[PDB]
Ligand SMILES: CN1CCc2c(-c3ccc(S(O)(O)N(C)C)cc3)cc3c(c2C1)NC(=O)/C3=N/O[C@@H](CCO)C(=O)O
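Only one chain is included here, represented as structure tokens and corresponding to the form deposited without the named molecule.
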């Protein structure tokens, strides 16, 4: 009956309301994906329950274990009926779960502490003084591990062997590392997140260079799910009506702090 929605605590997509302690169920959260979930549910005609993914990961398949973790895993193993979050549409994932057409378009980008002598990925690859890494168990790390183009291959070679680890468990951890490393750490993350943080106090980070690739986020459902068709149509309908653009302006710029 009630659709179990798996999501992730990633500002400004999903965040705890300041007074969540005195609220119940779905009312405890706020954000872009919370607003989107309510709309998808309205248009598809179903009641739902928002739940935060247990391991706090987006989703990747363990090499030897072969088990999927994160939100992808919750769907693969039947723990959730749908995932509404900044989950990237990728080949390896579409092989095991279904994705609606994208609700947000983005690409991998570079986040630096203001003043850092870095203007592009090629700049990062040709130097060694400034360390750089990505989020764990996600599409960004896989992008570099599989890239066959010179620059990115060079970047992966370095990142995979760097000590201490240059990878982080959460976006917040990567942003904090940039902010505290005095320009000696650069973070590779999706443009959407980079742009968001660039508008948050202390306004000490910035997105540099063009995006490394072009892709998008999609609402995911277990392969063969009966919700797939309607959800996809809802996303297209909502994008065409301007809701998605309205929602990004609401959570990114209307609330900018810089």
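Positions refer to the first chain, counted from 1.
Below, we refer to the form deposited with the named molecule bound, which is not included among the displayed structures.
Q. Open vs blocked: the named molecule (in the deposited bound form) superimposed by pocket C-alphas, blocked if 3 or more ligand atoms lie within 2.4 Å of a backbone or C-beta atom?
A. Here the answer is blocked - the superposed ligand has 3 or more atoms within 2.4 Å of backbone or C-beta atoms.
Q. Among the candidate residues 110, 80, 135, 97, which is the single one with a non-hydrogen atom no more than 4.5 Å from the named molecule in the deposited bound form?
A. Of 110, 80, 135, 97, the residue with a heavy atom within 4.5 Å of the named molecule in the deposited bound form is 135.
**Q.** residue 170, heavy atom within 4.5 angstroms of the named molecule in the deposited bound form
**A.** Yes.
**Q.** Touches the named molecule in the deposited bound form: residue 86 (any heavy atom, 4.5 Å)
**A.** Yes.
(Q) If we define contact as a non-hydrogen atom of the residue within 4.5 angstroms of the partner, is residue 58 a contact of the named molecule in the deposited bound form? (A) Because a heavy atom of residue 58 falls inside 4.5 Å of the named molecule in the deposited bound form, the answer is yes.
Q. Going by a heavy atom distance of 4.5 Å, is residue 192 a contact of the named molecule in the deposited bound form?
A. Yes, contact at 4.5 Å.
(Q) Do any residues of 209-246 have a non-hydrogen atom within 4.5 angstroms of the named molecule in the deposited bound form? If so, which ones, in sequence order? (A) If the 4.5 Å heavy-atom criterion is applied to the named molecule in the deposited bound form, 209-246 yields only 217.
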